Every structure is written in structure tokens, then in C-alpha cells.
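Enquirer: Structure file entry.cif (mmCIF, C-alpha atoms) right here:
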data_input
#
loop_
_atom_site.label_atom_id
_atom_site.label_comp_id
_atom_site.auth_asym_id
_atom_site.auth_seq_id
_atom_site.Cartn_x
_atom_site.Cartn_y
_atom_site.Cartn_z
CA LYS A 1 16.81 1.89 -23.37
CA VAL A 2 20.41 1.83 -22.40
CA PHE A 3 21.85 5.26 -23.01
CA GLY A 4 25.39 5.70 -24.14
CA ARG A 5 27.65 7.86 -21.99
CA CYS A 6 27.97 10.98 -24.20
CA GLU A 7 24.37 10.43 -25.28
CA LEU A 8 23.25 10.66 -21.70
CA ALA A 9 25.63 13.54 -20.92
CA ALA A 10 24.07 15.48 -23.81
CA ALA A 11 20.45 14.68 -22.89
CA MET A 12 21.41 15.98 -19.45
CA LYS A 13 22.97 19.25 -20.70
CA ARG A 14 19.84 19.96 -22.82
CA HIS A 15 17.57 19.52 -19.75
CA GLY A 16 19.48 21.97 -17.54
CA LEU A 17 21.44 19.59 -15.26
CA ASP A 18 24.97 21.01 -15.88
CA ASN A 19 26.05 22.87 -12.73
CA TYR A 20 22.50 22.61 -11.43
CA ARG A 21 22.77 23.49 -7.73
CA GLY A 22 26.51 23.56 -8.43
CA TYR A 23 26.82 19.90 -9.36
CA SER A 24 28.73 19.73 -12.62
CA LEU A 25 27.47 17.52 -15.37
CA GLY A 26 29.90 14.69 -14.65
CA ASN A 27 28.17 14.12 -11.32
CA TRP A 28 24.81 13.49 -12.89
CA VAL A 29 26.25 11.21 -15.52
CA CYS A 30 28.34 9.27 -12.97
CA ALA A 31 25.26 9.00 -10.73
CA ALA A 32 23.41 7.19 -13.56
CA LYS A 33 26.25 4.76 -14.33
CA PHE A 34 26.13 3.52 -10.72
CA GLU A 35 22.46 3.83 -9.96
CA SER A 36 21.05 2.31 -13.23
CA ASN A 37 23.99 1.48 -15.49
CA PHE A 38 22.39 3.91 -17.97
CA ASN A 39 19.21 1.88 -18.11
CA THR A 40 16.00 3.89 -18.38
CA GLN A 41 13.97 0.83 -17.36
CA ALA A 42 15.98 -0.17 -14.26
CA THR A 43 13.90 -0.93 -11.15
CA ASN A 44 15.26 -2.30 -7.88
CA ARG A 45 13.11 -3.41 -4.94
CA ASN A 46 14.62 -1.92 -1.74
CA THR A 47 15.25 -3.36 1.72
CA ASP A 48 12.59 -0.99 3.19
CA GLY A 49 9.74 -1.88 0.86
CA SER A 50 10.18 1.10 -1.44
CA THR A 51 11.48 0.74 -5.01
CA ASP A 52 13.74 2.98 -7.09
CA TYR A 53 12.86 3.57 -10.74
CA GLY A 54 14.58 4.70 -13.97
CA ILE A 55 17.88 6.24 -15.04
CA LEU A 56 18.48 8.11 -11.75
CA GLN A 57 16.70 5.48 -9.59
CA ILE A 58 14.13 7.77 -8.04
CA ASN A 59 12.75 6.42 -4.79
CA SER A 60 9.09 5.47 -4.27
CA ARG A 61 9.02 6.23 -0.54
CA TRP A 62 9.83 9.93 -0.77
CA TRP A 63 9.41 11.19 -4.30
CA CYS A 64 7.38 9.04 -6.69
CA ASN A 65 4.08 7.26 -6.04
CA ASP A 66 3.79 3.51 -6.85
CA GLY A 67 0.91 2.44 -4.65
CA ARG A 68 2.79 -0.42 -2.98
CA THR A 69 5.07 1.65 -0.67
CA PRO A 70 4.96 2.30 3.11
CA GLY A 71 5.35 5.96 4.11
CA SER A 72 4.84 7.17 0.55
CA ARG A 73 5.11 10.99 0.69
CA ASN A 74 5.07 11.47 -3.16
CA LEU A 75 6.98 14.73 -3.04
CA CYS A 76 7.42 14.94 -6.85
CA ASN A 77 3.63 14.62 -7.62
CA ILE A 78 4.51 11.96 -10.21
CA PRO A 79 3.79 8.25 -10.77
CA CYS A 80 6.86 6.03 -10.65
CA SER A 81 5.55 4.57 -13.99
CA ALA A 82 6.21 7.97 -15.64
CA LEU A 83 9.89 7.85 -14.65
CA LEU A 84 10.50 4.68 -16.63
CA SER A 85 10.41 6.39 -20.04
CA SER A 86 13.14 6.66 -22.56
CA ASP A 87 13.07 10.50 -22.67
CA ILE A 88 14.51 11.59 -19.35
CA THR A 89 12.44 14.71 -18.58
CA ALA A 90 10.15 13.26 -15.94
CA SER A 91 13.28 11.95 -14.09
CA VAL A 92 15.20 15.22 -14.51
CA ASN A 93 12.44 17.44 -13.10
CA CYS A 94 12.14 15.19 -10.02
CA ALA A 95 15.96 15.18 -9.73
CA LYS A 96 15.81 19.00 -9.50
CA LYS A 97 13.27 18.80 -6.59
CA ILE A 98 15.40 16.17 -4.81
CA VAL A 99 18.78 17.98 -5.18
CA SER A 100 17.06 21.22 -3.92
CA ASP A 101 15.69 19.57 -0.72
CA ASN A 103 20.70 17.23 1.17
CA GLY A 104 22.16 17.92 -2.30
CA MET A 105 23.04 14.82 -4.33
CA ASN A 106 23.61 12.79 -1.09
CA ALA A 107 20.03 11.57 -1.71
CA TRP A 108 21.56 9.16 -4.27
CA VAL A 109 23.31 6.49 -2.37
CA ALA A 110 25.33 5.35 -5.46
CA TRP A 111 26.51 8.92 -5.88
CA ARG A 112 27.57 9.25 -2.24
CA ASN A 113 29.46 6.07 -2.24
CA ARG A 114 30.99 5.83 -5.71
CA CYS A 115 31.08 9.36 -7.33
CA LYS A 116 31.40 12.09 -4.71
CA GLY A 117 34.86 13.56 -4.18
CA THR A 118 36.20 11.86 -7.36
CA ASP A 119 37.12 12.96 -11.00
CA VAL A 120 33.44 13.20 -12.07
CA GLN A 121 34.06 15.22 -15.26
CA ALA A 122 36.02 12.13 -16.46
CA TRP A 123 32.54 10.82 -17.13
CA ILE A 124 31.95 13.44 -19.74
CA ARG A 125 35.55 13.84 -20.93
CA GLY A 126 35.63 13.09 -24.71
CA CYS A 127 32.02 14.21 -25.38
CA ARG A 128 31.55 17.50 -27.29
CA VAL B 2 26.15 3.51 15.63
CA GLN B 3 25.69 -0.15 16.45
CA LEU B 4 22.88 -2.63 15.65
CA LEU B 5 23.44 -6.05 17.34
CA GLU B 6 20.83 -8.73 16.49
CA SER B 7 20.18 -11.66 18.84
CA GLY B 8 17.74 -14.49 19.48
CA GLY B 9 17.79 -16.57 16.24
CA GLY B 10 17.99 -20.41 16.26
CA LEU B 11 16.28 -23.73 15.38
CA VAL B 12 12.46 -23.71 15.57
CA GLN B 13 9.89 -26.24 14.35
CA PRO B 14 7.14 -25.24 11.92
CA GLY B 15 4.21 -23.44 13.62
CA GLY B 16 6.51 -22.21 16.42
CA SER B 17 7.55 -18.70 17.44
CA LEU B 18 10.70 -16.61 18.02
CA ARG B 19 11.37 -13.04 19.09
CA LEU B 20 14.34 -11.26 17.57
CA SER B 21 15.95 -8.42 19.49
CA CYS B 22 18.17 -5.60 18.15
CA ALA B 23 20.37 -3.60 20.62
CA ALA B 24 20.70 -0.09 19.13
CA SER B 25 23.24 2.58 20.15
CA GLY B 26 25.03 5.60 18.63
CA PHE B 27 21.77 7.38 17.55
CA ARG B 28 18.33 8.65 18.76
CA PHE B 29 16.34 5.37 18.71
CA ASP B 30 13.10 6.93 19.99
CA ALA B 31 12.52 8.60 16.61
CA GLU B 32 14.64 6.89 13.92
CA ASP B 33 12.97 4.86 11.21
CA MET B 34 14.19 1.27 11.38
CA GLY B 35 13.11 -2.15 10.00
CA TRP B 36 13.85 -5.84 9.50
CA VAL B 37 15.06 -7.28 6.29
CA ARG B 38 15.83 -10.85 5.55
CA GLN B 39 17.90 -12.89 3.13
CA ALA B 40 16.74 -16.38 2.43
CA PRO B 41 19.00 -18.79 0.60
CA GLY B 42 19.76 -17.81 -2.16
CA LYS B 43 17.15 -15.15 -2.72
CA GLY B 44 17.88 -11.47 -2.60
CA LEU B 45 17.32 -9.28 0.45
CA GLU B 46 13.58 -9.00 1.24
CA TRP B 47 11.94 -6.33 3.38
CA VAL B 48 9.99 -7.73 6.32
CA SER B 49 8.86 -4.81 8.46
CA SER B 50 9.29 -1.16 9.18
CA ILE B 51 8.47 1.19 12.10
CA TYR B 52 8.62 4.88 11.26
CA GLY B 53 9.05 8.08 13.19
CA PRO B 54 7.95 9.26 16.64
CA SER B 55 4.45 8.07 15.50
CA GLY B 56 5.56 4.43 15.58
CA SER B 57 3.56 3.79 12.45
CA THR B 58 4.34 0.13 11.61
CA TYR B 59 4.18 -1.69 8.24
CA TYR B 60 4.72 -5.26 6.95
CA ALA B 61 5.36 -7.37 3.93
CA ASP B 62 2.37 -9.23 2.50
CA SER B 63 4.21 -12.52 3.25
CA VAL B 64 4.20 -11.75 7.06
CA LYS B 65 1.14 -9.61 7.85
CA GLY B 66 -0.61 -10.87 10.94
CA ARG B 67 2.18 -13.32 11.81
CA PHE B 68 5.06 -10.99 12.69
CA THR B 69 4.88 -7.98 15.06
CA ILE B 70 7.49 -5.17 15.07
CA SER B 71 8.05 -3.09 18.28
CA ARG B 72 10.51 -0.60 19.81
CA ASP B 73 11.27 -0.91 23.50
CA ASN B 74 12.41 2.69 23.86
CA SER B 75 13.52 2.20 27.53
CA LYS B 76 16.26 -0.23 26.50
CA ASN B 77 16.75 1.26 23.00
CA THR B 78 15.93 -2.24 21.55
CA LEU B 79 13.90 -3.06 18.42
CA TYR B 80 11.82 -6.25 18.53
CA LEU B 81 10.51 -8.61 15.85
CA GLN B 82 7.98 -11.07 17.25
CA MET B 83 7.73 -13.94 14.78
CA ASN B 84 4.75 -16.24 15.03
CA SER B 85 3.55 -19.27 13.11
CA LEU B 86 6.97 -19.72 11.50
CA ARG B 87 6.84 -21.62 8.24
CA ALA B 88 9.70 -23.17 6.07
CA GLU B 89 9.82 -20.17 3.75
CA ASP B 90 10.85 -18.02 6.78
CA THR B 91 14.30 -19.66 7.08
CA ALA B 92 16.66 -16.69 6.59
CA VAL B 93 19.24 -14.40 8.07
CA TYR B 94 17.28 -11.57 9.61
CA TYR B 95 18.97 -8.15 9.79
CA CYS B 96 18.16 -4.99 11.60
CA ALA B 97 18.37 -2.09 9.19
CA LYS B 98 18.20 1.68 9.09
CA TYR B 99 19.10 4.63 6.87
CA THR B 100 22.39 6.42 7.12
CA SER B 101 21.07 9.76 5.74
CA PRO B 102 17.40 10.05 4.75
CA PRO B 103 15.68 11.10 2.69
CA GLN B 104 17.56 8.86 0.27
CA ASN B 105 17.15 6.12 -2.35
CA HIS B 106 18.16 2.38 -1.94
CA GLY B 107 16.04 2.06 1.21
CA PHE B 108 17.99 0.94 4.31
CA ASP B 109 21.67 1.24 3.78
CA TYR B 110 22.85 0.42 7.30
CA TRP B 111 22.34 -2.90 8.97
CA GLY B 112 23.55 -5.09 11.73
CA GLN B 113 25.20 -8.48 11.52
CA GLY B 114 22.00 -10.49 11.07
CA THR B 115 20.78 -13.45 13.16
CA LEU B 116 20.07 -16.86 11.58
CA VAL B 117 16.53 -18.32 11.81
CA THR B 118 15.85 -21.93 10.68
CA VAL B 119 12.27 -23.24 10.54
CA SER B 120 12.39 -27.05 9.97
#
Please rewrite the model in this file as C-alpha cells.
Expert:
Amino acid sequence: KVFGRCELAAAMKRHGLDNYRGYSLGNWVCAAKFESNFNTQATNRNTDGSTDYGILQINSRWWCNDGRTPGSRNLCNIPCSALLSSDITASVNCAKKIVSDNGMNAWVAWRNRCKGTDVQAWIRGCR
Amino acid sequence: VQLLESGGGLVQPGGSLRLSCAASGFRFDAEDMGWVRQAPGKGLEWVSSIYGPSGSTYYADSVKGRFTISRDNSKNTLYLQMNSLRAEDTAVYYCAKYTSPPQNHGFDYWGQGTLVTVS
């Protein structure tokens, strides 16, 4: 499922992400453009053996368990398979654990392509 | 922060090579690091990781038992001992680490890579 931009913004507002830990809603939406290109099914194998999964590319070394990862700490008590749903709740709840740990610097696409920029642009035009 | 790979070159099938990575600008003794490789024209594959003060090592299923990863913490150098090199191992091999764990994307910082050709 490829979310639309306002669609995703609005699924995010309904799940409590707006200004969560101070990060305005544009940050979360921008994070998903660059991590997953809005794709709930996105999976990338990483250079360290881990894999990221879903809309907010949640990492299988630290946060989700996938069975094939070295140093798996599974600090969201969740299978990576559960984060690949349309219906973004699983991914949002783990995103709240992560952001509460380094802030959104956990998301490399956010650090590199969203942080310090006009992030609300990503929700500008949505109701 | 510098990661300078060395010791890649031509080797015949069945042979061996040891890759070295000179690390500076950070506390080597502890940092998680690893080797990643890019074959032509595949994506970037993980090869091996060594984590923490523990030194707990790990390896891809394509290289278990053949390659050995090691820190020489007296010269702040990371070693990959490659044995029984086989055509499919031709790649650029890079030394990688994380810029700010815990993070996604795996290793986001890497050296220049050294070329290994098994023919």
C-alpha cells in the first residue's frame, strides 16, 4: 500500500504523532517519504545484516525481531512481519519507543534529508 | 574519523587474502564495525560484523567458516582474513561503521573500499 501524502499525514495525526516528543507532524511525514516512499511494504536489507521494514523503516537489529539478524535486541517486543501492514499502528507504537530512547536521529533518512528543513511543507495543503 | 582499507589484489581460486582497516578518530576498542562488499553489479552485501567490548563476531551465510573478522586493538586496525576465495567473492570490500547508533540503515559510514579479484 502506497499511502498518499495527506492520507499518511492524517493517519499520523489520528495515531498521536503530531508534536510527539516535540516533532511536528511534517517531520514524521517527511521521514516516510525518504525512508519508504510511503510504501507500507518496503523492506531494505542493510549493510550490517539487519533489515528495515515498513512505512518508517523500523530496524531489525534494535527494535523489531526477524530471526535472521545479528545483535537483535528486539526492544519493541514486536515481529518485523507485524510492521509490514497497511494500518500503521504497529509501526507508530514502535516509533514512539524509538523517538523516546536520540530523538528522530534514529532515522537516517530523517537526519540526512528532513532535519533542519521546512518539514511542515510536507503537510501544507492537507486539512 | 578515518577508515583506510588495504591489502586487496589478484588471487587465484582457493587462495587467501587478509584485508586490513586502519581506524582513527574514534574509540576502536568498543565500536561496532563490519565488512560489507559490493560485487559487480549487485547491491552492497554484508559480510561480517564484530560488536562491542565483547567482540561478539557474526558472518553472512555465504562466508561462514571461510572468513575471520578480528580487531587488533593495539594498532586500532580491523582485520578480515579471507580464506578459500571463490569467484563469487570478487568485490570491493569496505570497512563500515555507524555514525550514531542506535539507528536504522545499518552501517552508514565506510572507508574507500579495497578491490579483491578471485580469478
Enquirer: How many Å lie between atom CA of residue 36 of chain B and atom CA of residue 82 of chain B, rounded to one decimal?
Expert: 11.0 Å
Enquirer: With the PyMOL selection byres ((chain B) within 9 of (chain A)) as the selection, what would be picked from this file? Answer as a ChimeraX atom specification, please.
Expert: /B:34-38,45-50,52,57-61,97-98,101-109
Enquirer: Applied to this file, what does the PyMOL selection byres ((chain B and resi 15-24) around 6) return in terms of residues, put as number ranges by chain?
Expert: B: 3-8, 13-14, 25, 77-86
Enquirer: Just give me the gap between atom CA of residue 112 of chain B and atom CA of residue 100 of chain B in Å, one decimal is fine.
Expert: 12.5 Å
Enquirer: Could you jot down the atom CA of residue 89 of chain B to atom CA of residue 118 of chain B separation for me, Å, one decimal place?
Expert: 9.4 Å
Enquirer: Starting from the shown file, work through the PyMOL selection byres ((chain A and resi 18-26) around 10) and note down what comes out as a PyMOL selection string.
Expert: chain A and resi 9-10+12-17+27-32+96+99-100+104-105+115+119-125
Enquirer: Specify the axis-aligned box that encloses all atoms of segment 83-91 of chain A listed in the file after padding of 4 Å on each side, stating its centre and edge lengths in Å to one decimal as JSON.
Expert:
{"center_x": 12.2, "center_y": 9.7, "center_z": -18.4, "size_x": 12.6, "size_y": 18.0, "size_z": 16.6}
Enquirer: Which is closer to residue 5 of chain A than all the others in A:128, A:87, A:66, A:43, using only C-alpha atoms?
Expert: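 Among the listed residues, A:128 lies closest to residue 5 of chain A.
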Enquirer: Restricting the calculation to only C-alpha atoms, which member of B:94, B:2, B:51, B:88 is positioned closest to residue 70 of chain B?
Expert: B:51
Enquirer: Give the answer as one residue: which of A:126, A:79, A:54, A:117 has the shortest atom-to-atom distance to residue 1 of chain A, using only C-alpha atoms?
Expert: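 For residue 1 of chain A, the nearest of the candidates is A:54.
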Enquirer: Which residue out of B:66, B:115, B:73, B:54 has the minimum interatomic distance to residue 96 of chain B when only C-alpha atoms are used?
Expert: B:115
Enquirer: Identify which of the residues B:117, B:92, B:99, B:72 lies closest to residue 41 of chain B, counting all atoms listed in the file when measuring atom-to-atom distances.
Expert: B:92
